[PDB]
Amino acid sequence: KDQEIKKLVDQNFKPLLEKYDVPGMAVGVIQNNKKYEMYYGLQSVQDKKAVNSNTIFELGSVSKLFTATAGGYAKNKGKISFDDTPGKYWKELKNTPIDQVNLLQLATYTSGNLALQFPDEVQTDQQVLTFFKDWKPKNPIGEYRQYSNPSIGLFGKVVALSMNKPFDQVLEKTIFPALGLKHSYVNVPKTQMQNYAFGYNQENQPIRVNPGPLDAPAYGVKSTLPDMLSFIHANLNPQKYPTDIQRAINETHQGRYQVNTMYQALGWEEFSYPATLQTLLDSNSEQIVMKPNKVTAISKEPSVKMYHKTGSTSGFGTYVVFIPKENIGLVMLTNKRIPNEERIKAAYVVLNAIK
Ligand SMILES: *[B@]([O])([C][N]S(=O)(=O)[C]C1=[C][C]=[C]C(C([O])=O)=[C]1)OP([O])([O])=O
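Mind the numbering: the sequence shown is residues 4 to 358 in the authors' numbering, read in order.
Below is the structure:
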């Protein structure tokens with residue numbers, strides 16, 4: 004039976020490489036604590052370098068899952084409360100209007116006035132501070148979800164302040180070692196640069212993510228297939244992990260509010276399992292991703308849950324999904340974007356087929 008996992012991944016993911024002219028793909032499955040790693044194509048077209056277990060990919064918004072995990076960790080060591088406001092940590096925001104939004108509402112995109120991106124002219128530390136000092140509310144605080152890099156980025160910044168370390172070191176020195184990750188990075192060091200894939204844009208030009216304001220907590224982590232499978236393993240089966248990282252992980256699985264069939268957890272999107280294909284696809288509709296939506300309190304608390312997250316950068320696509328009760332999960336990393344719907348569908352067919 005285990006002999007079917009390679010065939011399934013080949014049937015469902017491998018055709019996407021021709022369809023979308025993607026140079027390189029890594030797809031991992033974890034089932035009953037056994038890891039399966041499927042590698043396709045090249046990490047670098049010009050170098051003819053193969054995708055392998057050392058290949059580093061940009062995770063885009065899947066980085067937010069690390070940020071959420073860092074926040075869960077800081078809460079459980081008593082360094083923050085989710086009821087706190089940012090001005091408790093970043094003193095220059097104390098008594099400004101953004102100091103009425105609490106850390107949870109920042110982590111989960113419900114400030115009521117933060118868009119997907121900062122303005123293009125906002126780049127320096129000084130410009131980021133000014134942006135948040137000048138912030139005024141629009142929608143009632145907590146009522147509307149608008150998916151936002153600045154929102155979760157400020158959450159990450161405040162988590163880092165709570166831990167007295169810059170955010171890059173919170174991940175690289177604390178969170179990643181506690182998860183057993185060996186090649187996961189905010190800043191890919193000199194000695195691993197030969198392992199960092201080129202991304203490829205929609206004109207098939209090689210590209211990597213550009214530096215930008217609070218980029219690390221929003222979309223700035225890079226990792227390998229083995230490490231992302233270890234992360235999914237920690238999400239499915241955290242018992243072997245340190246108690247504090249257990250607590251952190253479990254904090255990320257708690258649904259905070261709902262937008263119909265999508266439950267917003269910390270970083271992760273949560274769903275009742277089994278989820279219809281349309282539930283999973285529509286979680287990343289234009290309506291949910293690009294526009295304000297008024298949230299509700301959770302009414303139906305799912306008994307059996309599954310969780311997912313997409314991520315994209317100019318040159319990379321990522322998708323991660325897991326289902327605790329089936330003890331299965333999947334990770335897809337590409338060095339060209341393909342539509343979210345294809346990532347979600349292929350993972351749906353595969354995970355369903357393996358039971
Ligand atoms: B995330 O992957 C956020 N998407 S993103 O495109 O905002 C990431 C990004 C932001 C600024 C610059 C770049 C760059 O230079 O590549 C990338 O979210 P999804 O998958 O929508 O949830």
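Each residue gets a CB set at the ideal place from its N, CA and C atoms; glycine is no exception.
A Cβ closer than 5 Å to some heavy atom of ligand 1 marks a residue here, and those residues are 63, 64, 212, 213, 222, 313, 314, 315, 316, 317. The stretch 93-111 and the stretch 274-285 do not touch, with fewer than 3 CB-CB distances between them shorter than 8 Å.
For residue 74, there is no enclosing beta strand (DSSP E); the enclosing alpha helix (DSSP H) covers residues 66-79. Distance from the Cα of residue 302 is smallest, within the candidate group 262, 324, 224, 284, for 262.
Residue 345 counts as buried, since at least 16 other C-beta atoms from the protein chains shown sit within 10 angstroms of its C-beta. Within 10 angstroms of the beta-carbon of residue 306 lie fewer than 16 other beta-carbons, which makes it exposed. Following the DSSP letters along the chain, one finds residue 258 in no beta strand (DSSP E), marked with neither H nor E. For residue 339, the pairing in a beta bridge is given by DSSP as 203. Taking 4 residues as the shortest admissible run, the stretch 91-133 contains the following complete alpha helix (DSSP H) segments, listed from N- to C-terminal end: 106-110. Residue 38 and residue 7 have their C-alpha atoms roughly 14 Å apart.
Pairwise C-beta distances place the stretch 234-250 in contact with the stretch 176-195, as three or more of them are shorter than 8 Å. By the Cβ-count criterion, residue 230 is buried, with 16 or more other Cβ atoms from all chains shown falling within 10 Å of its own Cβ. Runs of alpha helix (DSSP H) with 4 or more residues, each lying fully within the stretch 145-209, are found at 152-165, listed in chain order. Residue 82 has its alpha-carbon roughly 14 Å from the corresponding atom of residue 107.
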